[PDB]
Amino acid sequence: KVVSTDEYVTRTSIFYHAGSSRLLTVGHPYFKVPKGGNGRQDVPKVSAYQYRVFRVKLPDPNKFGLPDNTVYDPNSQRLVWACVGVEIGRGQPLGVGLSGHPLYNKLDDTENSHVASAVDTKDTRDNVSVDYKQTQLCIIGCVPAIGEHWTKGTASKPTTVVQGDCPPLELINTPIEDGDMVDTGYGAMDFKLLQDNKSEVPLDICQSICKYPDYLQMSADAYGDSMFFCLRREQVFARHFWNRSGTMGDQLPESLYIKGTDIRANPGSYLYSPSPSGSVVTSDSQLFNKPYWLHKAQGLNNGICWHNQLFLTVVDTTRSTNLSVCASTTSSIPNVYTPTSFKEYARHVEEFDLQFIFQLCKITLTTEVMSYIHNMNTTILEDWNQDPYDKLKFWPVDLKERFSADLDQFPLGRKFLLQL
Amino acid sequence: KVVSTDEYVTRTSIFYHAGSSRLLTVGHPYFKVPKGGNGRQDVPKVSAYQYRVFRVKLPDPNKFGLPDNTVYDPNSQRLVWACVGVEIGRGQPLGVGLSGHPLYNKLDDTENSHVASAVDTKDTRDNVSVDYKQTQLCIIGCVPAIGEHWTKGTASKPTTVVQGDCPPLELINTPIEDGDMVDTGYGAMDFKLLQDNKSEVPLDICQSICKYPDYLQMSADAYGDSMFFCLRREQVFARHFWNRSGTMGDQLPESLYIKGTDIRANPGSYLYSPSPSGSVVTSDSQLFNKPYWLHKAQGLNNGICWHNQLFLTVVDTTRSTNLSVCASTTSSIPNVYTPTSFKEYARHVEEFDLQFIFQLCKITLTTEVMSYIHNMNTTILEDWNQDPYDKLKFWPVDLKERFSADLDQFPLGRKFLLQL
Amino acid sequence: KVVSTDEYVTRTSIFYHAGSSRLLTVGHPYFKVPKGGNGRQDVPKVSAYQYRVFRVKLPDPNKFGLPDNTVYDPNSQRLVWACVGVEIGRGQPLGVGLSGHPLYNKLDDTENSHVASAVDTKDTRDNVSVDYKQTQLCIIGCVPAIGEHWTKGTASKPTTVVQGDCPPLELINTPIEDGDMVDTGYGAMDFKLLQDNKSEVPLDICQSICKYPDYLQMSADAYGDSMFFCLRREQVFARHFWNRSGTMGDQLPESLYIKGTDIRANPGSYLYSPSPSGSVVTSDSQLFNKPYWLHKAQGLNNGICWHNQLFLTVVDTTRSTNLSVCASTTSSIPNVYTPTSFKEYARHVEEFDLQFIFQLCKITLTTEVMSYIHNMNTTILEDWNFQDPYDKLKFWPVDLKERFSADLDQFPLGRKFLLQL
Amino acid sequence: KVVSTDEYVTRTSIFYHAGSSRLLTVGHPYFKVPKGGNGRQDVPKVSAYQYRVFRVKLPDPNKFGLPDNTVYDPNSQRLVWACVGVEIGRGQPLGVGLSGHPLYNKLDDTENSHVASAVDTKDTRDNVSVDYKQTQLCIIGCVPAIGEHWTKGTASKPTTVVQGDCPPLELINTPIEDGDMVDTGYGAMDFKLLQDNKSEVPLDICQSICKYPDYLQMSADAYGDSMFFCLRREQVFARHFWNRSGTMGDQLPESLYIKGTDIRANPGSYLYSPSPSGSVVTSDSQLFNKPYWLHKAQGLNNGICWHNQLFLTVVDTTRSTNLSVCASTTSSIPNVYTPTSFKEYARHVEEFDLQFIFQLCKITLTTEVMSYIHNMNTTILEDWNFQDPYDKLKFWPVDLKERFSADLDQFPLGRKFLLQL
């Protein structure tokens, strides 16, 4: 039976402020662009619809040599940091940005099109852009957050299935790493494995995986390490209605329509996919640049940062504007414009400023306790008196050299001083 | 260690009202229009998407001969003004105004266009206008506000890079001057330096710099002089989706699409830029014509106007309507309309009414103190017992002759009297 | 130094209800239509985008013969009415109405138009209608409200300026009269003087003046008589983006663009004017048909109706629907439709019901006082006992001298006012 | 002088629940469709934009023999029902429905049309549909509610006026009957009398009268019998801007435009009428299926149901969806579709469930009283023992004489009312 951490982890009045400086990353919004070097001066994939997963490394409170031996005795008690306050800073202005595909699979406008109807024979793929679904999310833990997505499931039985048949769909949970793609309005699935077309979704995701946080699984967690603070806020609507070209794998049952006089009529495409849209982005609906104080966690782990680390997953699509930089191909432009004399580049920018208020805590290593900690994580006692998470990609944030007890010297520290 | 001003600046019950008369400026909304004089009767660039930065000069409270020697002694105490109340008046009615470009780089409509498809060869630049993103912001300090913007960064290494390559992007902080351009929905960057096209954004900004206030930097300030009062409220959405003509500098990775039967086909333009829009302007979301009382500042400087000055940065795009004035070319119009017999002019108007409630304060010039003031700003003691801000352009507001102790004689003064 | 009226005007518990009957006016929404009579059966200009400025005349409380000599003595005291409650009744249903122009100056669609491009030579003026910006405002005073608008300013210097140049713009404050045009989304200016085109804005305003209330000036007023109660609520957005035909008076600086291959290229029209729109009209955002109680005013005059009069400025564009009445040209209709056999008329309707709760007040005619009143308005004491400047302006007269009643429970606003405990 | 009913009507703790079962009506949404019978198996006009006015008949509390004679004595006291709680049940799901006209008078699109321009010569009438303005309203009284509308006023003078002139517009108050048409966004007027075209508004209203509740008149009522409970919530916006064909009855003043080179030019149609729209229908803005408790009424009559009746006017346009039922013309379907082999019918449905909580009250028939009641309504005493003007009007009869019950906990509204102790 798992026990709340408020019963065997006593808290103190020792508070510290920790904060990284300004973090920023620029790159291409759609894909990694390799440039032959001198490997490498390439630009990375920096999309506003990417998960930002910061691995915040904290100083060992037992190795911490600033507090005096009056706060605790290293004979039967050990220290561990507990997170109390969090402020996620976002820098760039609010904006909406587009993601598209030159060969998007758009057959016919199925909404109220009186223009014409397209012939299926040739390559009926139009150059289509779209503004994705708007998503703001924030998850704080000591273990990377768990996300779900749909993948091409393994064959049901030892059964040979025909090529071109619909594969089985399997839901899969995976740890959310920095750089993963968020749900953008086309669903949370493996577009690389389930769409051989390479033309159903924009370039942002057409060869990537869209993951959605498994709030149901992380909230049903026994210990609650995956998520003890969660803020979600998403919105989307259907902007345009479209048709998908390609032979229909599912036969339209003849019970549902009447063919008309031409009893040879091929039924039109009946696979409809809408263009998502995130509507208006307003600072009234903003979810960051605000202090959030964790008192009671959702799980039994009440904001205790085991192994002196803290995982912060964050998605913010309210600053998706894209910089368009263009450079002339002639050394100096002749005062005449021709499209061949300008190179066009699209760059995207992300800016963060993480701030935290941590609280020092004691753990009296009794029996019953410690054995409970052993059944929880043997490596907790082992690290007291290798790493499985380096196989995943995170944004490292080292705060061992940034802890400070002078809370009034920092904005989040002052806002926390309005809590006595 | 920096110390809060509430520990070494004692406050008094002496309150004064200060206020400018109506301030207004008219001009051209897009660019400075030179007219050969009699130099010069030109109209200036007066756009609703410009930063308005007022440099409010206050009378020296030590040289002020209105208070009696009972409030302080000029032996160990000196006076300084502290800002308590602010009301920013806006005059013109609410309206939405357009900003455009006759040669805007619009290739193809990617938002479900079934009209046609444009050929890239010829000059495919359309006459495009747009209503910018809606922005209301207000920052009060004693130091000019700090803004961020992206510029053509210096060469990465002592490396010869080919002409037409994408230049490095560098984020830069600069003091926000009166007349600077705000973020309009295309990002905060140097459009003059990063777009040799002179055709990616409307005439408002195609040769200017869009700055966004660096709230992250100003809030993390040690002393907090840059910003001790901040109100932001911005909104924007993507109205129309467009394509940019010009050769793509970044090669579209062939892993992300399938070329179709014409295996030697150039992929269409995949640089998508939306037209921003500020949606509805309503007086419910209005942010000015309201009294704001500063009690606790965000930083350690709690509204203390060092050097008897106060910097007010304000952006209000909710009054962006543009007057269209036209005059007949004939002395008296013949009652027949032809476009050649009428000259069309576009003029824009800005109207303000600044109001303030200041509080007189004492500073006991002890040791420990005063040396702290010396480490803060030697020129503070120097002015008690040149200018670094004259390099920047501000809107001068002289209030040395505008202070009044009869608070009940003024609107902001009465609203402040409802605070006892 | 001006002094608050709460320091020299003591209030009493005597309260009266005053109210006009139903007021209504019909007419044409765009322009006055003269009809030769039998002068005259003409229809006036009755637009939902017109200022409604009522001059409410109140009975003289000193001349009032209802109170007994116990409430005051006419030796050292004088009476004056003080406004306490107001309810503005609006009658017609909520609706949106259009205002347009057959020859609107619309050159090209600049809002993502792939349709075509218009030739500038010929008359490239389209028949364009638009729903104006939505505006609700209400201002109560004893002096007509002050509005601002831009006009063709006086000549800058003793300077000969070329014909066709842009005239100087001058901001002007003027009293807002009944029938004046409100800001409709094109700005507050004199379209008749600053637009010789007669084609930049719809017929509603193309030869009129759009005024916006100068809240900044009226709030900075010394006495605060112009406005001691103000409720504003406006909304608008840009619906369509357009181009203006006509030669550009300001040369586009060549630093801002690249001309292209045809080095001869005339820059397209770069004077952009959007079509305003007031979005949805809903009764949730409604601002009238509600009681409003004046306790503390914004200015020093705390709702005191000097000279026993009260000016009520109101704008309500949430009932801008236009009735279309059509009559057959034949005496009895032949059961066949032809556009020539039906005459079409557009009529607009406004319905109000003004309601007020006034409070009787005393003014002890001391020294210091009375001299203060004399420096304020000599005509206040002169009109007491120890011509009119406003008859030059057009108002909607509301005579309530015969409409005062002390039986508050007999009226809705009176009952709602009795709920104050 | 009228007196509040709380001064001569003492209340008791006796409470009853009264409620009709589910009421529903189906029919055609646009017009009465006659079918030759066996007269008649016709379908009636059942539109979501119709006033639903229920005439609720209550049992005579003096004739009621369930309470014992300890509560009152029929010697100097008489009984009267007073309404305390009301819940109006709506059944069908929320939906939006269209109303249109095959021969709608739509000339040109004035909302930024660069497609083409229509010639006025031929029959320029398009098939146009529209979703009306959204309106939810509820008025409870003991006298039928009063509505207003504009009608063809009587001739201005005994004057011979030319045929084709605009008739005078007269505002008229009428009792709101069940089946009357509501304001739909084209105004509250008599479309049959002021539009000989029969083509300016959709078929729903082109030959009907749209009435709007005269809140100004009913609230200024002396006794307050017309309306002692009122909930309104309406919204509308302009979706499309159009032009009206037909010769312009009002001459466009030449001061407002410049004709251009072709000084031979009839100004294009300058009568602009927008298509209304009720925007989104959401249950957040829903106004029914909720209990409403009447404590203080707006008028002096505090929810007292004189003559043991209660009038409920209600409009709900948030369920305006229309069922489309079609039946094949062949006895059994050939598996081939042709438009001639299917008959198409449009049917609309309304579902209600009225619920009430009434309170028994006593009236001691003193002098001063009773004489006041006599001056109020002689028929109140006459109907006691100390013809009908409303059957000339059309109402929805709801007989609740056999539906009163004192076991409040047996009904939902009764339980919610028991949550008030």
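Protein chains in written order, with the entry's author numbering: chain B, 20 to 404, 439 to 473; chain A, 20 to 404, 439 to 473; chain C, 20 to 405, 439 to 473; chain D, 20 to 405, 439 to 473. Note that beta-carbon positions come from the ideal geometry of N, C-alpha and C, so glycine has one too.
Does DSSP put residue i in a helix, in a strand, or in coil?
| i | result |
| --- | --- |
| residue 451 (chain B) | strand |
| residue 364 (chain A) | strand |
| residue 83 (chain C) | coil |
| residue 210 (chain C) | helix |
| residue 293 (chain D) | strand |
| residue 26 (chain B) | helix |
| residue 145 (chain C) | strand |
Check whether the Cβ of residue i lies closer than 8 Å to any Cβ atom in chain B.
| i | result |
| --- | --- |
| residue 146 (chain D) | no |
| residue 287 (chain C) | no |
| residue 192 (chain D) | no |
| residue 311 (chain A) | no |
Which word fits residue i, buried or exposed, when buried means at least 16 other C-beta atoms lie within 10 angstroms of its C-beta?
| i | result |
| --- | --- |
| residue 124 (chain B) | buried |
| residue 312 (chain B) | exposed |
| residue 317 (chain D) | buried |
| residue 401 (chain D) | exposed |
| residue 273 (chain D) | exposed |
| residue 85 (chain C) | exposed |
| residue 283 (chain A) | exposed |
| residue 355 (chain C) | exposed |
| residue 156 (chain D) | buried |
| residue 344 (chain B) | buried |
| residue 195 (chain D) | buried |
| residue 415 (chain B) | The structure shown gives no position for residue 415 (chain B): in chain B, residue numbering passes from 404 to 439 with nothing in between. |
| residue 122 (chain A) | buried |
| residue 57 (chain B) | exposed |
| residue 364 (chain D) | exposed |
Based on the DSSP output, what are the partners of residue i in its beta bridges?
| i | result |
| --- | --- |
| residue 231 (chain D) | D:167 |
| residue 267 (chain D) | C:363 |
| residue 343 (chain C) | C:365 |
How about residue i: is its C-beta nearer than 8 Å to some C-beta of chain A?
| i | result |
| --- | --- |
| residue 182 (chain C) | yes |
| residue 369 (chain C) | no |
| residue 277 (chain D) | yes |
| residue 343 (chain B) | yes |
Could you give the C-beta distance for residue i and residue j, rounded to a whole number, given that I count them as a contact under 8 Å?
| i | j | result |
| --- | --- | --- |
| residue 380 (chain A) | residue 30 (chain A) | 5 Å |
| residue 261 (chain C) | residue 296 (chain C) | Not a contact, Cβ separation roughly 13 Å. |
| residue 175 (chain A) | residue 384 (chain A) | Going by Cβ atoms, the distance from residue 175 (chain A) to residue 384 (chain A) rounds to 51 Å, so no, they are not a contact pair. |
Any beta-carbon of chain D closer than 8 Å to the one on residue i?
| i | result |
| --- | --- |
| residue 135 (chain C) | yes |
| residue 282 (chain B) | yes |
| residue 355 (chain A) | yes |
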